[PDB]
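A structural walkthrough
So you can see what is in the structure, the chains are spelled out below.
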Amino acid sequence: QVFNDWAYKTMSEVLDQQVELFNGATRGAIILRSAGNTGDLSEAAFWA
Amino acid sequence: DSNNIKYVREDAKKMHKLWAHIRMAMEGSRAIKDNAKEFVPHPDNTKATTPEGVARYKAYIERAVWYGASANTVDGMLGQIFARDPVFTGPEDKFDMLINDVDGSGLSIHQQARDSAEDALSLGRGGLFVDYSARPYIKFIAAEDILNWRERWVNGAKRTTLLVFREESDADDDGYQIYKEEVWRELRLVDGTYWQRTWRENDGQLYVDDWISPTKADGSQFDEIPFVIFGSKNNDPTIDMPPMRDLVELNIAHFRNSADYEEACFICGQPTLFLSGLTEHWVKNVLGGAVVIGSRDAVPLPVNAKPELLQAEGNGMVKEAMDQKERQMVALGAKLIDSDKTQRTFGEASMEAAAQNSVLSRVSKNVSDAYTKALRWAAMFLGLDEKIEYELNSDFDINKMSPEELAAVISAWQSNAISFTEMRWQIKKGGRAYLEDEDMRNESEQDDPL
Amino acid sequence: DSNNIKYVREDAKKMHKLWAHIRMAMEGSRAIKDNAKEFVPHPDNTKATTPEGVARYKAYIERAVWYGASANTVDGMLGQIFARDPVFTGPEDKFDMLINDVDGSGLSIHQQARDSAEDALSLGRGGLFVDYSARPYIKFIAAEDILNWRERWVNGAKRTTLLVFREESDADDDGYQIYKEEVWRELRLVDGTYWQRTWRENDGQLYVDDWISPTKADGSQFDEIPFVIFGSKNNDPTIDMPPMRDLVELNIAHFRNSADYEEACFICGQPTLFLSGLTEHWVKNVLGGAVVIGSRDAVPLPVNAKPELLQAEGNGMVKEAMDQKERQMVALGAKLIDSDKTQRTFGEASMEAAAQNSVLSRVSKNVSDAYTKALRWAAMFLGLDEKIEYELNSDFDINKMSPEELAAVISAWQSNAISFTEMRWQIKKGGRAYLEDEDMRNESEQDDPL
Amino acid sequence: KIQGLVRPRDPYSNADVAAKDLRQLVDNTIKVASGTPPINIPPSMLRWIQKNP
């Protein structure tokens, strides 16, 4: 779908920090689920 | 989220502009001229800002000529594919209802298949929907009326889960409804079960109907949505590029070159005297602001005067470009024009026949497959046999069979290598028979006249 | 631009302009020369303002030449379709009252079919109506007479619930005063039933009759409206595209180029002397305001005089434009000219026949299906057999059948491959017999005449 | 429409009658142009709440 794919010369420096720290890489400590929600908040109530 | 029923996929929205271009090329010339600002660039936009500029632009466009090769190409493709009638395999009297009125409108299945083939040839997309009412119906969905689809793998199986299409109708009421009533049908697949519901609007409101899971004649509901998106490439929801993009843009280029050529012909096409070496003294003295030019009248000129009839000569570079684009149009392989001057040798063309008929064969196979799937789903509604087929006329370049061809077909039938039905299909394909095979059978079992 | 946004785009109000243009193109040079303005824009509006400008415009137009290729095109197209006569399947002694006079006017069914095919070829829309009066009548309704229709999907089926068409008749009072009384027929489909009523406007007021339900011979009313709309595209209520739009554009452009060319020919086609380097004193001395140009007498000229017969030179760019538009008209595929210069190898014409006969076959199939529906509905009205077919000629470029073809068809009928009626149809189609098959049998029971 | 299209005549007399012309009338259909004020539809506001542009 991309008009031009990235070639060998187009080795743009991707990043300098490891950023694969989600779920299994972090044993589920930092999760990166996907769920759209409205507003500027999403609060839930549980019994104290 | 938030139940955005009127949503359209981004790729389809991107392809909508090209779909509109192809459809407008199919329309004719009035659609192109009514939308000429997006095809023919203005010779100078500084004038286009001014009102005399837009008047000049309208004069420029109105004198142009739309060659209209794309529409003739599509007509030729449909004539080649849909010669005689598609053959139906399996019991007929049980499926006669589907053949006669495919969607309850009285429109036969052959005509709906023809429309499907035309829409899959021009803009390369369409849809066949099977709905249960008692009787099942096969619908045709325009390529612009498919709005949303999804491809989620369940157990690693390519499945169409979501599918939303727009259904158009005029509500049966008493008052004259100048408005179009728009109906959105939502088809969903949950845990291998087919569900559907209908969205209807009124006064800006949106109504949602309860989920209904249609069931087969025996039951068991479904595991897949009864909807196929046929196209030029393959019967998948993924967008297939229209086969007529290059031909349509070639027509657009020829149209703009024709606009320029017509402007040149209107301006400089007429001969002009262009008197040189002339002084106004002579003009006012003897010419008197009028020249009589017929063979009955001779006009005098002073010393060192030379009349020079000047008009643009033919075979210009704009004409060469126009003819080049016409030749390119022919080259792209469209059955677009018949050139009486150019000649072609028989036998040599039989090698490129398979090359030219590539898109025709692809569309024929795709439409036949889609109609087979639709008929199988309709049989599931009615609990009839599944092993039935609907095959379009895959043999192209049709023409009358010569006596030698007929004799060969008959001799093949005398040997046990051609079925009697296959012989009849071939004979009808050659335009030598019109009665049904069973009809002629009953008519010929009786003793010969002698 | 977003077609998902609501828009209403189906009514004859959309198409009157091009339908009228098609009609005046079919009429011939009288209408086109008469309504010159919309086809030939004025050379300059500033001139057009002046009365001498409008006089110049009439001088420019009256000199033009209308080629009229579209009329010859539809003529050839209809001729190819209606060669020999359509074949009627089913009982004849019962249906003779419909074959002999389809609308109760002495007009046979074949001639009304020819008119319907001509309408479908020209502007791509027509209609058929069947209404029990006693005897049922198959009427022909023109494209302009069909006024309104709506489509509402009922129980998953697309149904044409309403259809209204104008019914034109001539009022015969006690005198011969030419009037024209109009009747409107509303055909309504409520809750799966057929209903109709008539609107009458006598002296401006709209009288309305009461609803009636035409019921079949056995009863049971109907389940569909006895009205079918046919066109080049398909048998759908939606507007079908006229098959001769681009051709009419080409003819109009050729007409305007012909106007320009003929004005040029009238003005600068005559050679002119263009006497140069001449003095009025010498003129009044010897020439005396008169020149004798015949070969019997000479004319003396002063020093440095160069007589120059000047006229527009042939093969001009307007000439080329007219030639290119003629070749474009023949290129699109229309049988509009028969040029004697062009040669074609036999067999490749058969290769391109399938594409060249696209619209012809489409119209043939559409009219055949429409008349099949009409005859079936008349059978329902009369309570007669239902398995009746009426198809036009499906094999084009027809010619006399060769002796080898004669032997082939006779040998095939001697085998169990072609029915006797099929062989007689084929041989009549080849211009080798004229009597009906049954009369042939009645002559052929007895022995050889010897 | 010609007003004096029908005139009395006297077969026994012999008098000149004035000739008549043919006038034409021109109708008209004016073109009216409408529009729409620019309407802000930024996608950010429609994305902050779960909605689509």
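Residues numbered from 1 in each chain as written, not as in the entry; some residues may be left out. Chains lettered and ligands numbered in written order. Part of a larger assembly, values for the part shown. Heavy atoms only, no water.

- The deposited coordinates for this entry were obtained by cryo-EM, with a reported resolution of 3.7 Å.

1. Quick notes on the overall build of chain B
- Within chain B, the secondary structure is distributed over 15 helices and 10 strands.
- When the backbone C-alpha atoms are referred to their principal axes, chain B occupies close to 105 × 75 × 50 Å.
- The buried share of chain B, reckoned over its 450 residues, is 47%.
- Accessible surface, chain B as shown: approximately 22200 Å² in total, 50% of it carbon and sulfur.
- Across chain B, 53 positive and 76 negative side-chain charges occur, with their mean positions spaced 6 Å apart. (Helix = DSSP H or I, 4+ residues; strand = E, 2+ residues; numbered from the N terminus. Buried < 20%, exposed > 50% of the residue type's maximum accessible area, 1.4 Å probe, protein only. Areas by Shrake-Rupley, 256 points an atom, 1.4 Å probe, with all protein chains shown as cover. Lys, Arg positive; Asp, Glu negative; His and termini not counted. Charge placed at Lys NZ, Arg CZ, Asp CG, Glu CD.)

2. Notes on the sheet that holds strand 7 (residues 193-202) of chain C
Residues and elements named next belong to chain C.
- Here 5 strands make up an open sheet; going across it, the order is 4-5-6-7-8 and the pairing antiparallel. In the strand order of this sheet, the two ends are held by strand 4 (146-154) and strand 8 (205-208), each with one partner. The sheet shows a mean angle of 20° between the axes of neighbouring strands, direction not considered.
- Pairing of strand 6 (residues 181-190) with strand 7 involves 8 bridges; the strand directions are antiparallel. Within strand 7, the residue paired with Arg185 across the bridge is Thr198. (Pairing = 2+ DSSP bridges. Axes fitted to C-alpha atoms, helices over the stretch in contact; angles between N-to-C directions.)

3. So, the nonpolar core
- Grouped together as the largest cluster of nonpolar side chains are 90 residues, with contacts concentrated most on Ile81, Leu121, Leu163, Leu187, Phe227, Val363 and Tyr390 of chain B.
- Core analysis: the second largest hydrophobic core is formed by 83 residues, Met15, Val40, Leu121 and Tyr194 of chain C among them. (Core = buried A, V, L, I, M, F, W, Y, C linked by side-chain atoms within 4.5 Å.)

4. Side note on the interface of chain C and chain B
- Each side of the interface is counted separately: chain C has 109 residues, and chain B has 127 residues.
- Regarding the contact of chain C and chain B, the summed buried area is about 10400 Å², with carbon and sulfur atoms giving 49% of it.
- It is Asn4, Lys158 and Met317 of chain C in chain C that bury the most area against chain B; as a group they hold 7% of the surface buried on that side.
- Counting across the interface, chain C meets chain B through 12 salt bridges.
- We note a salt bridge from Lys158 of chain C to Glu167 of chain B, for which the minimum N-O separation is 2.9 Å.
- Where chain C packs against chain B, one counts 51 residue pairs in polar contact.
- A per-element tally of the side of chain C that touches chain B places helix 9 (residues 245-268) of chain C first, with 12 residues.
- In terms of residue class, the side of chain C that touches chain B is made up of 40 nonpolar, 31 polar and 38 charged. (Contact = heavy atoms within 4.5 Å. Buried area = accessible area lost by both parts, 1.4 Å probe. Salt bridge = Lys/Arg side-chain N within 4 Å of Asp/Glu carboxyl O. Polar contact = N/O pair within 3.5 Å; in protein donor to acceptor, adjacent residues only side chain to side chain. Nonpolar A, V, L, I, M, F, W, Y, C, P; charged D, E, K, R; others polar.)

5. A few points about the environment of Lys400 of chain C
All names here are of chain C.
- By secondary structure assignment, the location of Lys400 is in the loop between strand 10 (389-391) and helix 14 (403-414).
- Taking the C-alpha atoms as reference points, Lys400 and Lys429, separated by 29 residues in sequence, lie 7.9 Å from one another.
- If near-sequence neighbours (up to four positions away) are discounted, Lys400 is found in contact with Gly430, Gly431 and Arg432.

6. Some remarks on the sheet that holds strand 2 (residues 127-132) of chain B
Residue and element names in this part refer to chain B.
- In spatial order, the strands read 3-2-9; together these 3 strands make up an open sheet with antiparallel pairing. Looking along the sheet, the strands with just one partner apiece sit at the ends: strand 3 (136-141) and strand 9 (227-228).
- Both strand 2 and strand 9 contribute to a ladder of 2 bridges, which runs antiparallel. Counted as the bridge partner of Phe129 is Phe227 from strand 9.
- Across the sheet, helix 7 (residues 109-122) lies against strand 2 and strand 3, angled at about 25° from strand 3, the strand it touches most.
- Helix-sheet contacts for helix 12 (residues 358-382) involve strand 2, strand 3 and strand 9, and the interaxial angle to strand 2 is about 5°.

7. What about the state of the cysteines?
Residues and elements named next belong to chain B.
- Taken as a whole and judged by the stated rule, the model has 0 disulfides over all chains.
- Counting only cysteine sulfurs, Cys268 is the nearest neighbor of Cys265, a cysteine outside any disulfide, at a range of 9.8 Å.
- Classification of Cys265 by relative accessible area gives buried; the value is 1%. (Disulfide = S-S within 2.5 Å.)

8. Quick notes on the pairing of strand 5 (residues 157-169) of chain C
All names here are of chain C.
- The buried fraction of strand 5 is high, at 10 of 13 residues.
- Two elements, strand 4 and strand 5, share 7 bridges in a ladder whose sense is antiparallel. By the bridge assignment for strand 5, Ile146 is matched with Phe165.
- What sits between the antiparallel neighbours strand 4 and strand 5 is a turn of 2 residues, in which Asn155 has the positive phi angle 55°.
- Relative to strand 6, strand 5 runs antiparallel, the two sharing 8 bridges.

9. Quick look at empty space enclosed by the protein
- Taken as a whole, the largest cavity spans an internal volume of roughly 60 Å³.
- Lining the largest cavity are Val65, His254, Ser258, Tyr261, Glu262 and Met322 of chain B together with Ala321, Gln324, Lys325 and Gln328 of chain C.
- Elements supplying a minimum of two residues to the lining of the largest cavity: helix 8 (245-268) of chain B together with helix 11 (317-332) of chain C. (1 Å grid on protein atoms, 1.4 Å probe; cavity = no way out; pocket = protein on both sides within 12 Å on 5 of 7 lines; lining within 4 Å. Points joined across faces, edges and corners; volume = space filled by probe spheres on them.)

10. Here's the deal with the packing of helix 15 (residues 420-429) of chain C against helix 16 (residues 437-444) of chain C
All names here are of chain C.
- Closest axis-to-axis distance for the helix 15/helix 16 pair is 10 Å, and the angle between their directions is 110°. What the angle tells us is that helix 15 and helix 16 run roughly perpendicular. Contacts between helix 15 and helix 16 involve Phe420, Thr421, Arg424 and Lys428 from the former and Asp437, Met440 and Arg441 from the latter.
- Residue classes in the contact of helix 15 with helix 16 are distributed as 2 nonpolar, 1 polar and 4 charged. (Parallel < 35°, antiparallel > 145°, perpendicular 65-115°, else oblique.)

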